[PDB]
Amino acid sequence: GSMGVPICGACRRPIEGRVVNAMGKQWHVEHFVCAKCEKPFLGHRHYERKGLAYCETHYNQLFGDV
Ligand SMILES: [Zn+2]
Ligand SMILES: [Zn+2]
(Lines give C-alpha, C1' and ligand atoms only; values in the text may rest on other atoms or scores of the structure.)
(Ligands and ions follow the chains in the order given, each with its own letter.)
Protein backbone atom coordinates (compact mmCIF):
# COMPACT_ATOMS: atom_id res chain seq x y z
CA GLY A 1 0.00 0.00 0.00
CA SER A 2 2.68 2.54 -0.99
CA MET A 3 1.63 6.11 -1.89
CA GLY A 4 0.50 6.62 -5.51
CA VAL A 5 -0.61 10.23 -6.10
CA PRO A 6 1.24 13.39 -7.16
CA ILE A 7 0.71 16.59 -5.25
CA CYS A 8 0.50 20.00 -6.89
CA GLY A 9 3.35 22.03 -5.42
CA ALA A 10 0.95 24.96 -5.83
CA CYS A 11 -1.69 23.95 -3.27
CA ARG A 12 0.13 20.88 -1.91
CA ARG A 13 -2.97 18.87 -2.85
CA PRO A 14 -2.97 15.33 -4.26
CA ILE A 15 -3.17 15.79 -8.05
CA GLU A 16 -5.50 13.40 -9.92
CA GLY A 17 -5.67 13.96 -13.69
CA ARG A 18 -2.87 15.48 -15.77
CA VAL A 19 0.24 16.38 -13.78
CA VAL A 20 3.02 18.84 -14.66
CA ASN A 21 6.53 17.88 -13.57
CA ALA A 22 8.45 21.11 -12.95
CA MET A 23 10.83 22.42 -10.27
CA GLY A 24 11.45 18.72 -9.78
CA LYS A 25 7.90 18.55 -8.39
CA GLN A 26 4.35 18.05 -9.68
CA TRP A 27 1.78 20.79 -10.42
CA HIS A 28 -1.93 20.78 -11.34
CA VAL A 29 -1.98 21.49 -15.07
CA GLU A 30 -4.26 24.30 -13.89
CA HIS A 31 -2.02 25.69 -11.09
CA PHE A 32 1.26 25.49 -13.04
CA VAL A 33 1.63 29.10 -14.15
CA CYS A 34 4.25 31.73 -14.89
CA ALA A 35 6.13 32.99 -11.82
CA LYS A 36 5.55 36.63 -12.87
CA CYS A 37 1.91 36.94 -14.03
CA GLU A 38 0.36 33.61 -12.98
CA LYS A 39 -0.75 32.56 -16.49
CA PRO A 40 -1.51 28.81 -16.43
CA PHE A 41 -0.34 26.75 -19.41
CA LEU A 42 -3.40 24.45 -19.43
CA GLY A 43 -2.40 23.39 -22.95
CA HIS A 44 0.38 25.91 -23.71
CA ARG A 45 4.19 25.88 -23.38
CA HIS A 46 5.90 27.24 -20.23
CA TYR A 47 9.39 28.59 -19.58
CA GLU A 48 11.59 28.01 -16.48
CA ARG A 49 14.11 30.43 -14.92
CA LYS A 50 16.26 30.18 -11.78
CA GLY A 51 13.94 27.32 -10.87
CA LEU A 52 10.74 29.28 -11.48
CA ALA A 53 8.19 29.15 -14.31
CA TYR A 54 7.72 32.15 -16.58
CA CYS A 55 5.56 32.76 -19.63
CA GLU A 56 7.38 32.93 -23.00
CA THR A 57 7.53 36.73 -22.67
CA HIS A 58 8.03 37.12 -18.92
CA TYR A 59 10.70 34.45 -18.96
CA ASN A 60 12.43 36.33 -21.70
CA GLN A 61 11.45 39.69 -20.20
CA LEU A 62 13.19 38.24 -17.15
CA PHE A 63 16.07 36.80 -19.21
CA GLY A 64 15.50 34.86 -22.45
CA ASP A 65 18.89 33.11 -22.38
CA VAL A 66 20.61 36.39 -23.31
ZN1 LIG B 1 -2.73 22.59 -7.44
ZN1 LIG C 1 4.02 35.13 -17.28
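In the PDB header, solution NMR is given as the technique by which the entry was determined.

When you line up the elements, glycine 51 lands in the loop between strand 5 (47-49) and strand 6 (52-54). As a C-alpha pair, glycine 51 and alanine 35 span 16 residues in sequence and 9.7 Å in three-dimensional space.

All chains considered together, the criterion is met by three aromatic pairs. Aromatic side chains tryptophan 27 and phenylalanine 32 sit 6.0 Å apart centroid to centroid with 50° between the ring planes, which places their arrangement in the tilted category. Centre to centre, the rings of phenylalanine 32 and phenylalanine 41 are 5.7 Å apart; their planes meet at 45°, and the pair counts as tilted. Look at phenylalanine 32 and you get buried, because its relative accessible area is 4%. Take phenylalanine 41: its relative accessible area is 7%, and that puts it in the buried class. Here the aromatic residues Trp27, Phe32 and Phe41 are joined through ring pairs into a cluster of three or more.

Let's shift gears to the coordination of the zinc ion (ligand 1). Every protein donor of the zinc ion (ligand 1) is listed here as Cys8 (SG), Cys11 (SG), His28 (ND1) and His31 (ND1), and their distances to the metal cover 2.0 to 2.3 Å. Geometry at the zinc ion (ligand 1) is tetrahedral, judged from the four donor atoms that bind it and their angles of 104 to 123° at the metal. Within one chain, the residues donating to the zinc ion (ligand 1) are spaced in sequence as C-x2-C-x16-H-x2-H. Here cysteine 11, found in the loop between strand 1 (7-8) and strand 2 (13-14), pairs with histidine 28, found in strand 4 (residues 27-28); they are 17 residues apart in sequence, far enough to count as distant. A relative accessible area of 25% places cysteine 11 in the partly exposed class. Looking at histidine 28, the relative accessible area reads 18%, which means it is buried.

Further remarks concern the nonpolar core. Counting residues in each nonpolar core, the largest one holds 14 residues, and the members touching the most others are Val20, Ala22, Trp27, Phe32, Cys34, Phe41 and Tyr54. When contributions to this core are tallied by element, the ones reaching two or more residues are strand 6 and helix 1 (56-62). Excluding residues within four positions of it along the chain, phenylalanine 32 makes contact with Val20, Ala22, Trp27, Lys39, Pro40, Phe41, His46 and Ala53.

Procedures and definitions
- Residues numbered from 1 in each chain as written, not as in the entry; some residues may be left out.
- Chains lettered and ligands numbered in written order.
- Heavy atoms only, no water.
- Helix = DSSP H or I, 4+ residues; strand = E, 2+ residues; numbered from the N terminus.
- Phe/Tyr/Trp six-rings, centres within 6.5 Å; stacked < 30°, edge-to-face > 60°.
- Buried < 20%, exposed > 50% of the residue type's maximum accessible area, 1.4 Å probe, protein only.
- Donors = N, O, S within 2.8 Å, 3.2 Å for Na, K, Ca; no water.
- Tetrahedral: all angles 85-135°; square planar, octahedral: opposite > 155°, others 65-115°.
- Core = buried A, V, L, I, M, F, W, Y, C linked by side-chain atoms within 4.5 Å.
- Contact = heavy atoms within 4.5 Å.

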